[PDB]
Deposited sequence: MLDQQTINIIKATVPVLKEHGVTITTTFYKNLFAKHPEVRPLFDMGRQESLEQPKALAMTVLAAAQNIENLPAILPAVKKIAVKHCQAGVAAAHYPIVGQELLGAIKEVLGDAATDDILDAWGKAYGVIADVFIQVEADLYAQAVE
């Protein structure tokens, strides 16, 4: 990640958190409508994805700080059947939500920095889970 990227992330995350309810609801709505194939893996509706990504993003410069959380989430993802190829899909629907919320602030550079950040974050869960799947055998 280049610094302008990190700068965008650091500066905008608080705006996204402000609109959390909206990003979260829009995300899950679109995820499930556009990708019914993931429905089976999941008042008890999931809610934590988008805010967790925001939280990691907030920690983008020191991801090892959030390992204790990442590790336990990894355990549930490996239990549920989450695959590496699922990540780009969740990323797309998350970015679409960030896009709707930022509205006119939704610069391509900004959107592009969010794409990059999610990737980096997703890269951590993907490797940790690969490692846990291997340990299981």
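For this chain, the deposited residues without C-alpha positions form the stretches 1, 44-50, 146, given in sequence order.
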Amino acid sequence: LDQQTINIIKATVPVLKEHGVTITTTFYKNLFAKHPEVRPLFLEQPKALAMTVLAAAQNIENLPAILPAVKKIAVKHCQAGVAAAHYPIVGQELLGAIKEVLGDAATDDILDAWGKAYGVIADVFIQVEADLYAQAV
From here on, numbers count along this sequence of modelled residues.
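Rigid core: the largest C-alpha set superposing within 1.5 Å between the two forms.
Here the rigid core sets the fit, and in 4 other deposited structures of this protein the C-alphas of 46-54 stray farther than those of the other stretch, out of 28-36 and 46-54. Stretches 16-24 and 125-133 differ in mean CA B factor, with 16-24 having the higher one. Taking the mean C-alpha B-factor of each stretch as recorded, 96-104 and 82-90 are not equal, and the higher mean is that of 96-104. Annotation for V38, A69, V53, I110: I110 ranks highest, by Cα B-factor. Per-chain ranking of the deposited C-alpha B factor places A117 in the middle third. Ranked by Cα temperature factor within the chain, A33 sits in the middle third according to the deposited record.
Sort the modelled residues of the chain by CA B factor and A74 lands in the middle third.
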